[PDB]
Amino acid sequence: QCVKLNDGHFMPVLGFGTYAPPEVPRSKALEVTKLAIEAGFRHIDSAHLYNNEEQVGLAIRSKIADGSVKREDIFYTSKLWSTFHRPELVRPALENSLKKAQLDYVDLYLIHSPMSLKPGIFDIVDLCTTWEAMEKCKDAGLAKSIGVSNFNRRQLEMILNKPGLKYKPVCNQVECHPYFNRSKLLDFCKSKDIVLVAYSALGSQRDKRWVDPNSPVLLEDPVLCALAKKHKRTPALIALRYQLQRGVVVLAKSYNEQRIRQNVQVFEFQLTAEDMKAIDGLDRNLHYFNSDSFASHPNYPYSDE
Ligand SMILES: NC(=O)c1ccc[n+]([C@@H]2O[C@H](COP(=O)([O-])OP(=O)(O)OC[C@H]3O[C@@H](n4cnc5c(N)ncnc54)[C@H](OP(=O)(O)O)[C@@H]3O)[C@@H](O)[C@H]2O)c1
Ligand SMILES: O=C(O)[C@@H]1CCCN(S(=O)(=O)c2ccc3ccccc3c2)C1
């Protein structure tokens, strides 16, 4: 189960999310990534931010070297950090991510966020010049596909309307779940053959640096719980399955053996139209990442409602 991107490459519709907070040792990323691939995840999501590209690359290479998968059955993503928006900085950051991971190429490179930062407080950078630079990475074969993350609709339109555009973004990876379902943005992405990829699809890690602990816990929601009991699955599985039936590619982070295996069960059952409607009724503009440290950035994405 893959979707065709708008540049003719294929992305598997379920991905493994690799971020863990700095309190978790680096070494854990190697082990869970292996477990992920072993349970059947073929889409692995990382970034320069995560400080785990070496372990995620090792895990991938190890599962190739033990014969379980070829390179080409793995879809590996990484992301350009926000200090590296000036265009001359883009290929070197990708080359850097490739060497940490000890791979020849990434299946996908994303701009991690539109909120540019001084290299190395906010920066002002024409993100069309960043994008041109992402295109040259694809033309060089350093990334199979290129995309954006944390763009709102108007920020997407800016790239799509660029003079001399060579490659549209293949996807926009944004926060997306039953409390913040992004359906207007999803409709716009669909009208342009851009894949929406959902992060914090299970309600996020609730890290105190960015998430108010008073916020409702997505996986305690009573409608997801009732649906879980109706289907004899789990609330995580319902949140995951909702995204696939809306045409959304979904990430799922877990560092626990049993949850990793449970999550691939999303392929084994269906929700009804009435189920999908009950879930669409939970939407309440709740973006779990909600911090003073970005909220007044000039290109804050949630300034467009
Ligand atoms: N582009 C961006 O700016 C951005 C932002 C956020 C995240 N991401 C990407 O998205 C990935 C996923 O999002 P996320 O990190 O926010 O976490 P998430 O996918 O919402 O997961 C939330 C928590 O759910 C738990 N979980 C997973 N499966 C479960 C299950 N079956 N039952 C109950 N708990 C379960 C995990 O805890 P356990 O580990 O204990 O199982 C995890 O800490 C990230 O790791 C990263 O790759 C990108
Ligand atoms: O990609 C991930 O998993 C990271 C998790 C923790 C930090 N973030 S991040 O790039 O600093 C970040 C922080 C705050 C944000 C607020 C609104 C939207 C995106 C954000 C990304 C991404």
Side-chain angles (χ1 to χ4, degrees), residues 6 19 22 45-51 53 77-98 100 106 108-140 142-143 145-153 155-176 180 182 185 188-189 192 194-197 199-200 204 207 209-211 285 287-305:
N6 66 36
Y19 183 79
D45 187 83
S46 173
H48 168 90
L49 191 62
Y50 296 175
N51 192 46
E53 292 176 291
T77 300
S78 188
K79 321 194 186 63
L80 179 70
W81 183 238
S82 298
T83 48
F84 304 127
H85 282 178
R86 321 264 192 172
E88 67 278 19
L89 296 179
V90 173
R91 189 175 172 158
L94 177 46
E95 285 175 324
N96 240 304
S97 289
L98 289 171
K100 293 206 164 279
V106 297
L108 187 51
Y109 206 44
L110 307 181
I111 302 170
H112 198 155
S113 139
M115 285 168 293
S116 311
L117 300 180
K118 247 35 142 9
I121 119 155
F122 309 153
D123 198 8
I124 307 188
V125 170
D126 177 348
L127 287 171
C128 290
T129 63
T130 317
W131 187 250
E132 291 169 359
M134 300 281 284
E135 291 176 319
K136 290 174 180 52
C137 300
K138 171 166 167 86
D139 277 334
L142 290 165
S145 298
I146 57 172
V148 301
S149 175
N150 296 295
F151 279 39
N152 64 33
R153 188 198 155 151
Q155 289 168 331
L156 258 181
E157 272 167 337
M158 291 202 257
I159 297 155
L160 300 164
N161 293 343
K162 199 190 73 99
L165 178 73
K166 193 169 176 191
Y167 302 113
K168 302 196 311 194
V170 296
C171 64
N172 184 21
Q173 183 188 124
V174 298
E175 193 180 329
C176 186
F180 188 46
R182 320 308 297 281
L185 182 67
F188 172 85
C189 288
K192 308 293 179 187
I194 291 170
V195 178
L196 201 130
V197 175
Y199 79 69
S200 296
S204 92
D207 187 311
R209 288 179 293 166
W210 295 290
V211 186
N285 260 88
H287 52 93
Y288 282 99
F289 290 87
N290 186 20
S291 178
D292 287 338
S293 57
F294 305 115
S296 62
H297 188 286
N299 276 4
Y300 187 53
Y302 303 138
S303 85
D304 299 5
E305 90 224 87

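These values consider heavy atoms only, across backbone and side chains, with no hydrogens, waters or symmetry-generated copies. Residue numbers start at 1 and run along the sequence shown.
- Looking only at side-chain heavy atoms (C-beta outward), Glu305 and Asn285 stay at 4.5 Å or farther from each other.
- When each of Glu53, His48, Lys100 is paired with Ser78, the side-chain hydrogen bond (donor to acceptor under 3.5 Å, both in side chains) condition holds for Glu53 and for no other.
- The closest donor-acceptor contact from the side chain of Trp131 to the backbone of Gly147 lies at 3.5 Å or more, if one exists at all.
- Separation of atoms CH2 (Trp81) and CG (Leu89) is listed at 14.5 Å; rounding is to 0.5 Å.
- Partners of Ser293 under the side chain to side chain donor-acceptor pair (under 3.5 Å) rule, at least two apart in sequence or in another chain, are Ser291.
- Going from atom CZ of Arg91 over to atom CG of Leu80 covers 14.0 Å, rounded to the nearest 0.5 Å.
- At distances below 3.5 Å, at least one donor-acceptor pair connects side-chain atoms of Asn152 with backbone N or O atoms of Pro301.
- A distance-only check finds a donor-acceptor pair linking the side chain of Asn172 to the backbone of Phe151 [under 3.5 Å].
- For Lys136, the salt bridge (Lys or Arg N to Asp or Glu O under 4.0 Å) test picks out no residue, with sequence neighbours left out.
- Rounding to the nearest 0.5 Å places CG of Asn290 at 11.0 Å from OG of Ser204.
- Contacts of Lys192 classified as side chain to side chain donor-acceptor pair (under 3.5 Å), with partners at least two apart in sequence or in another chain: none.
- Distance check, rounded to the nearest 0.5 Å: CG of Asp304 to CD of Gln155 gives 7.0 Å.
- With sequence neighbours excluded, no residue satisfies ring-ring contact (aromatic ring centres under 6.0 Å, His included) with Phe294.
- If you take CG on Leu196 and CZ on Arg182, they are separated by 7.5 Å, rounding to the nearest 0.5 Å.
- Residues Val90 and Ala133 approach most closely at CB-CB, 3.8 Å, considering heavy atoms.
- No donor-acceptor distance shorter than 3.5 angstrom exists from the side chain of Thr77 to the backbone of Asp45, with no hydrogens or angles considered.
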### Query
Going through the checks in order, is the side-chain contact (heavy atoms from CB on, under 4.5 Å) test met by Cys189 and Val195?
CA-CA 6 Å; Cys189 288; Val195 178; over 6 Å; no
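- Between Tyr19 and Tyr50, the ring-plane angle classifies as perpendicular under the 30° and 60° cut-offs.
- Looking only at side-chain heavy atoms (C-beta outward), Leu127 and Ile159 stay at 4.5 Å or farther from each other.
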### Query
Going through the distances and angles, do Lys166 and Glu132 end up as a salt bridge (charged side-chain N to carboxylate O under 4.0 Å, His left out)?
CA-CA 8 Å; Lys166 193 169 176 191; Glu132 291 169 359; over 6 Å; no
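- Residues passing the side chain to side chain donor-acceptor pair (under 3.5 Å) test with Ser46, sequence neighbours excluded: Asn52.
- Ring orientation note: the planes of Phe180 and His287 are tilted relative to one another, at an angle of 30° to 60°.
- Under the rule for a salt bridge (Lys or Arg N to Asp or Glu O under 4.0 Å), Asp126 has no partner lying at least two apart in sequence or in another chain.
- Looking at heavy atoms from C-beta onward, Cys176 lies out of side-chain contact with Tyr199 at the 4.5 angstrom threshold.
- Under the ring-ring contact (aromatic ring centres under 6.0 Å, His included) criterion, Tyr109 pairs with no residue at all, not counting sequence neighbours.
- Scanning for salt bridge (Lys or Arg N to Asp or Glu O under 4.0 Å) contacts around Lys168 gives an empty result, with sequence neighbours left out.
- Applying the salt bridge (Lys or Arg N to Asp or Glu O under 4.0 Å) criterion to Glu175, with sequence neighbours excluded, gives no partner residue.
- Residues passing the side chain to side chain donor-acceptor pair (under 3.5 Å) test with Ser82, sequence neighbours excluded: none.
- Residues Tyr300 and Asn150 bring no donor and acceptor atom of their side chains to less than 3.5 Å of each other.
- With sequence neighbours excluded, the residues that form a ring-ring contact (aromatic ring centres under 6.0 Å, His included) with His297 are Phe122.
- Within the model, atoms CE of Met134 and CD1 of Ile146 stand 5.5 Å from one another, a figure rounded to the nearest 0.5 Å.
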### Query
Does the side-chain contact (heavy atoms from CB on, under 4.5 Å) test come out yes or no for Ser149 and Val174, once each step is laid out?
CA-CA 6 Å; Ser149 175; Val174 298; 5.9 Å; no
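- Heavy-atom minimum distance, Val148 versus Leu110: N-CD2, 3.9 Å.
- Contact annotation: the side chain of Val170 never approaches that of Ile194 to less than 4.5 Å [non-hydrogen atoms, C-beta and beyond].
- Note on residues 111-125: pairs passing side-chain hydrogen bond (donor to acceptor under 3.5 Å, both in side chains), not counting sequence neighbours, are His85-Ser116, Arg86-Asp123.
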